[PDB]
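# A look at the structure
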Amino acid sequence: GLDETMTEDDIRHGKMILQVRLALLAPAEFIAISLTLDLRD
Amino acid sequence: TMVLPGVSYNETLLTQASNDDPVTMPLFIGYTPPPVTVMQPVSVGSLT
């Protein structure tokens, strides 16, 4: 945008600027097991 | 520097089970009727 990336100085420097966002996945490498008997009488 | 999945086994438990109440238990504290100790309480199944 106008002053979201750029300014008139970069308009008169002819820059054409954008901000690129991305959120990230992750692989599931390790196995943190916990057990619970849960008496059930 | 590396590492395996680490499957991480564990478990849990149970057992409140404690119940006894040996307050209602009597103790016969006599002499020996004429090879026991002179000192120890001895449980009794029966008179038989």
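Residues numbered from 1 in each chain as written, not as in the entry; some residues may be left out. Chains lettered and ligands numbered in written order. Part of a larger assembly, values for the part shown. Heavy atoms only, no water.

Header annotation of the entry names cryo-EM as the structure determination method and lists the resolution as 5.4 Å.

Another aspect to go through is the interface of chain A and chain B. On the side of chain B, 13 residues touch chain A, which itself brings 11 residues to the contact. For the pair chain A and chain B, the summed buried surface comes to about 930 Å²; carbon and sulfur atoms form 61% of the total. Contact with chain B buries surface across chain A, with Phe30(A), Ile31(A) and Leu35(A) losing the most and accounting together for 51% of the total. Summed over the shared surface of chain A and chain B, the result is 0 salt bridges. Residues belonging to the side of chain A that touches chain B are distributed by class as follows: 7 nonpolar, 2 polar and 2 charged. (Contact = heavy atoms within 4.5 Å. Buried area = accessible area lost by both parts, 1.4 Å probe. Salt bridge = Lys/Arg side-chain N within 4 Å of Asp/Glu carboxyl O. Nonpolar A, V, L, I, M, F, W, Y, C, P; charged D, E, K, R; others polar.)

Looking now at the side chain of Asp10(A). Note that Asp10(A) resides in helix α1 (residues 8–11). Excluding residues within four positions of it along the chain, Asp10(A) makes contact with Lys15(A) and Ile17(A). (Helix = DSSP H or I, 4+ residues; strand = E, 2+ residues; numbered from the N terminus.)

All names here are of chain A. You can see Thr 5 is positioned in the segment before α1. Here the side chain of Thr 5 touches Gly 1 through a polar contact of 2.9 Å, landing on its backbone oxygen. At a separation of 2.9 Å, a polar atom in the side chain of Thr 5 contacts the main-chain carbonyl oxygen of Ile 17. Contact partners of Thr 5, with chain neighbours within four places excluded, come to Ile 17, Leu 18 and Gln 19. (Polar contact = N/O pair within 3.5 Å; in protein donor to acceptor, adjacent residues only side chain to side chain.)

Residues and elements named next belong to chain A. Summed over all chains, the structure comprises 2 salt bridges over all chains. With a shortest N-O distance of 2.8 Å, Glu 8 and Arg 12 are connected by a salt bridge. Across the pair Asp 10 and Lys 15 runs a salt bridge whose closest N-O atoms are separated by 3.9 Å. Residue class for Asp 10 comes out buried when judged on its relative accessible area of 13%. In this structure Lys 15 comes out as partly exposed when scored by relative accessible area, which is 48%. (Buried < 20%, exposed > 50% of the residue type's maximum accessible area, 1.4 Å probe, protein only.)

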